[PDB]
Amino acid sequence: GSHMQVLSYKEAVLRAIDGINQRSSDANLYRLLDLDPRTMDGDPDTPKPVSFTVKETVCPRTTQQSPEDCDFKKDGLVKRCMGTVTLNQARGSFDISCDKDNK
């Protein structure tokens, strides 16, 4: 269907994290911890820089609980994620690498 489904930048990031959890083989669900602030140009099909951290929650990676319902684990791993999102979800996708050693 859609050829143009545009998310806000924050939504695009939450959606990418959903993706990142989906492709991962970690036991637990990771959740947005801190999104770095950045200013955009206003075209939805061009990649927007993102960088942010995620932290391990007490939820199983495949939980269907909403991430906001998944408490961060005490002592939880934090990974820093860098790359781009594309606001137009319709096509293309984010390009983000998460790394526990990028601190």
# chains A, B, ... in the order shown; residues from 1 in each chain; ligands from 1
>>> closest_atom_pairs(of="segment 15-37 of chain A", to="segment 95-99 of chain A", cutoff="10 Å", atoms="only C-alpha atoms", output="CSV")
residue,atom,partner,partner_atom,distance
A:16,CA,A:96,CA,8.1
A:17,CA,A:96,CA,9.2
A:19,CA,A:96,CA,9.9
A:20,CA,A:96,CA,8.2
>>> select_by_dssp(residues="chain A", states="alpha helix (DSSP H)", output="compact mmCIF listing (two decimals) with N, CA, C and O atoms, in the first residue's frame")
# COMPACT_ATOMS: atom_id res chain seq x y z
N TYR A 9 10.55 12.54 13.58
CA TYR A 9 11.85 12.00 13.78
C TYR A 9 11.86 11.09 15.00
O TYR A 9 12.44 9.98 14.96
N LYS A 10 11.21 11.52 16.07
CA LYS A 10 11.21 10.63 17.30
C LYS A 10 10.50 9.29 17.05
O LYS A 10 10.97 8.20 17.48
N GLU A 11 9.42 9.35 16.30
CA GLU A 11 8.72 8.13 15.96
C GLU A 11 9.57 7.26 15.09
O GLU A 11 9.56 6.01 15.23
N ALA A 12 10.27 7.88 14.16
CA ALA A 12 11.13 7.08 13.28
C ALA A 12 12.19 6.37 14.12
O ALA A 12 12.55 5.20 13.87
N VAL A 13 12.72 7.05 15.10
CA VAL A 13 13.70 6.39 15.99
C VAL A 13 13.07 5.24 16.81
O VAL A 13 13.65 4.17 16.89
N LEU A 14 11.91 5.45 17.43
CA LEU A 14 11.26 4.35 18.15
C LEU A 14 10.96 3.12 17.26
O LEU A 14 11.14 1.97 17.65
N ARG A 15 10.55 3.42 16.05
CA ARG A 15 10.33 2.41 15.07
C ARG A 15 11.59 1.72 14.70
O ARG A 15 11.62 0.47 14.55
N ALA A 16 12.68 2.45 14.51
CA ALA A 16 13.93 1.76 14.24
C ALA A 16 14.34 0.88 15.40
O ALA A 16 14.93 -0.20 15.23
N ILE A 17 14.13 1.36 16.60
CA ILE A 17 14.51 0.45 17.72
C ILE A 17 13.68 -0.83 17.68
O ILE A 17 14.17 -1.89 18.00
N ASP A 18 12.42 -0.73 17.38
CA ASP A 18 11.62 -1.94 17.21
C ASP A 18 12.33 -2.90 16.27
O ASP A 18 12.42 -4.10 16.55
N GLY A 19 12.82 -2.38 15.14
CA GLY A 19 13.60 -3.12 14.12
C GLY A 19 14.86 -3.73 14.68
O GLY A 19 15.25 -4.90 14.36
N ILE A 20 15.54 -2.93 15.50
CA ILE A 20 16.78 -3.36 16.02
C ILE A 20 16.56 -4.50 16.98
O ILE A 20 17.36 -5.43 17.02
N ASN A 21 15.48 -4.45 17.74
CA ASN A 21 15.13 -5.59 18.63
C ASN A 21 14.76 -6.83 17.85
O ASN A 21 15.21 -7.91 18.15
N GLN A 22 13.99 -6.64 16.80
CA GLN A 22 13.59 -7.71 15.95
C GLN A 22 14.72 -8.46 15.30
O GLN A 22 14.62 -9.71 15.14
N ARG A 23 15.80 -7.77 14.92
CA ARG A 23 16.89 -8.45 14.21
C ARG A 23 17.91 -9.00 15.18
O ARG A 23 18.82 -9.70 14.77
>>> closest_residue(among="A:85, A:70, A:4, A:90", to="residue 31 of chain A", atoms="only C-alpha atoms")
A:70
>>> residues_around(residues="residue 68 of chain A", least_positions_apart="6", cutoff="12 Å", atoms="only C-alpha atoms", output="VMD selection string")
chain A and resid 14 29 to 33 57 to 59
>>> atom_distance(atom1="atom CA of residue 26 of chain A", atom2="atom CA of residue 56 of chain A")
9.3 Å
>>> residues_around(residues="residue 36 of chain A", least_positions_apart="2", cutoff="8 Å", atoms="only C-alpha atoms", output="list in words")
residues 34, 38, 50, 51 and 52 of chain A
>>> atom_distance(atom1="atom CA of residue 91 of chain A", atom2="atom CA of residue 6 of chain A")
10.4 Å
>>> atom_distance(atom1="atom CA of residue 72 of chain A", atom2="atom CA of residue 24 of chain A")
17.4 Å
>>> closest_residue(among="A:82, A:87, A:54, A:77", to="residue 41 of chain A", atoms="only C-alpha atoms")
A:87
>>> residues_around(residues="residue 44 of chain A", least_positions_apart="2", cutoff="8 Å", atoms="only C-alpha atoms", output="VMD selection string")
chain A and resid 6 42 46 to 47 86 to 88
>>> select_by_dssp(residues="chain A", states="strand (DSSP E)", output="ChimeraX atom specification")
/A:28-35,48-60,78-85,95-99
>>> closest_residue(among="A:93, A:28, A:45, A:5", to="residue 67 of chain A", atoms="only C-alpha atoms")
A:28
